[PDB]
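# Residue-level structural notes
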Amino acid sequence: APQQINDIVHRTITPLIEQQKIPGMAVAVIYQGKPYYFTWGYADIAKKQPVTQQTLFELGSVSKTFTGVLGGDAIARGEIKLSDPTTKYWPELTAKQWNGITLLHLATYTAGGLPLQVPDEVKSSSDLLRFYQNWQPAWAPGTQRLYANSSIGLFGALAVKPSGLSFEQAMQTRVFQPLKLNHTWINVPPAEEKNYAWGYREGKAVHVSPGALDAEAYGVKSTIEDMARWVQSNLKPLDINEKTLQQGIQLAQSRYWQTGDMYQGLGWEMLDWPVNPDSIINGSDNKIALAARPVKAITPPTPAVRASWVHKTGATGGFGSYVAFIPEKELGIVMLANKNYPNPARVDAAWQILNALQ
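Per the PDB entry, the protein is named Beta-lactamase, and its organism is Escherichia coli. The title line of the PDB record says "Crystal structure of AmpC beta-lactamase in complex with fragment 60 (2-[(propylsulfonyl)amino]benzoic acid)". We quote the UniProt Subcellular location comment for the protein here in full: "Periplasm".

Laid out in structure tokens, this is it:
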């Protein structure tokens, strides 16, 4: 890499790894459109396997960016509309509270207080129907944002219904394959297990457990190379040859709701660039990110703004991920770690790196 990139990345990430006791980490910086990679430490401590550019990390909620783009692609295909009632795609959802809850509300956590997690007790499809039928909204649709896997997870499942494909089949054929993300997985194949890092939680090696709507909300695993390519694709959607995917990327970065200085996209979240660093850093903390917040509708939604800080944090029990990019500057970063460490530390480090290269 150019020495400037080397130096700002190493001077920022080395102390982060020490402070946070991160066993293994991979970073990609996209600078003027090109990726530069950095790796540290261990994918598997016990077996002494290093992190490499081929190591798979659990993306956790960064998966929602793939869900959002897949949904955008389905809109572009004319298969769904964000203005469609949820019940159009799930007619069995007959309970009266569903009246007026649209796919947009599901995609953007604004349905009226769907919970952060689908209960672990939901173990079957009939359980899942009961859960949504019996759920009582705290709020009218389109009034408050409450970050929820049960919200965007349901959006992902319904978005692929008209296609007749499983969620995983749709994601592979419509997003992963066209973008050449050939080491990105909802289910890690046996052939790739040698590259699947362990996550570390309280010193113990862990992988994400199966759960309802896991593929749709938090189920993707990927390498630093594929994630850099994901950032490139989201930086420059017009280079994407597949028209509906090109459009889906743009739809996912559109601004549908505003709370404070943040705008809610489909999976992606955005702020105007230049950002107050204290706004993204502090705002990334889960006590702000997971809070109930009144939203203002953006009527109509603003098409993807190039002068944006576009980002997403993600975690599982054993992993912590972060992606951010600025389309106007052709600049981005991916940080993948096999420990879930505090969100503000991720954003601070990403901002320090990108600000220095901007």
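## Points about the overall build of the protein
A count of helical and extended segments in the protein gives 13 helices and 16 strands. Relative to the compact-globule value of 21 Å for 358 residues, the protein shows a C-alpha radius of gyration of 19 Å, a close match. Counting only C-alpha atoms, the protein reaches 60 × 40 × 40 Å along its principal axes. Long-range pairs, those at least 24 residues apart, make up 69% of the contacts in the protein with a sequence separation of at least 6.

## Here's the deal with the UniProt feature "active site" in the protein
UniProt marks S61 with the feature "active site", using the numbering shown here. Take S61: it is sitting in the loop between strand 4 (57-58) and helix 2 (63-76). We classify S61 as buried; its relative accessible area is 10%. Setting aside residues no more than four positions away along its own chain, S61 makes contact with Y147, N149, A217, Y218, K312, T313, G314 and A315.

## Structural notes on the sheet that holds strand 15 (residues 319-326)
Pairing in this open sheet of ten strands is antiparallel, and the strands run 3-2-1-16-15-14-11-10-9-13 from one edge to the other. The sheet terminates laterally at strand 3 (49-50) and strand 13 (296-302), the two strands that pair on one side only.

## Points about the environment of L158
Tracing the sequence through the fold places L158 in helix 6 (residues 149-159). A relative accessible area of 2% places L158 in the buried class. Every residue in contact with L158, bar those within four places of it in the chain, is listed here: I80, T86, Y89, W90, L103 and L106.

## Examining the pairing of strand 2 (residues 34-44)
Direction of pairing for strand 1 (residues 24-31) relative to strand 2: antiparallel, over a ladder of eight bridges. By the bridge assignment for strand 2, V27 is matched with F38. Counted between consecutive antiparallel strands, the loop separating strand 1 from strand 2 contains two residues, among which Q32 sits at a positive phi close to 50 degrees. Taken together, the two bridges between strand 2 and strand 3 define a ladder with antiparallel strand orientation. Across the sheet, the residue bridging to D44 is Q49, located in strand 3. Remark: four residues form the turn of the hairpin made by strand 2 and strand 3, two consecutive strands paired antiparallel; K48 in that turn has positive phi of roughly 60 degrees.

Conventions and cut-offs
- Residues numbered from 1 in each chain as written, not as in the entry; some residues may be left out.
- Heavy atoms only, no water.
- Residues with missing side-chain atoms left out of burial classes, pairs and counts.
- UniProt positions renumbered as here; feature names shortened; annotations may be inferred.
- Helix = DSSP H or I, 4+ residues; strand = E, 2+ residues; numbered from the N terminus.
- Rg over C-alpha atoms; globule rule 2.2 N^0.38 Å.
- Contact = heavy atoms within 4.5 Å.
- Buried < 20%, exposed > 50% of the residue type's maximum accessible area, 1.4 Å probe, protein only.
- Pairing = 2+ DSSP bridges.

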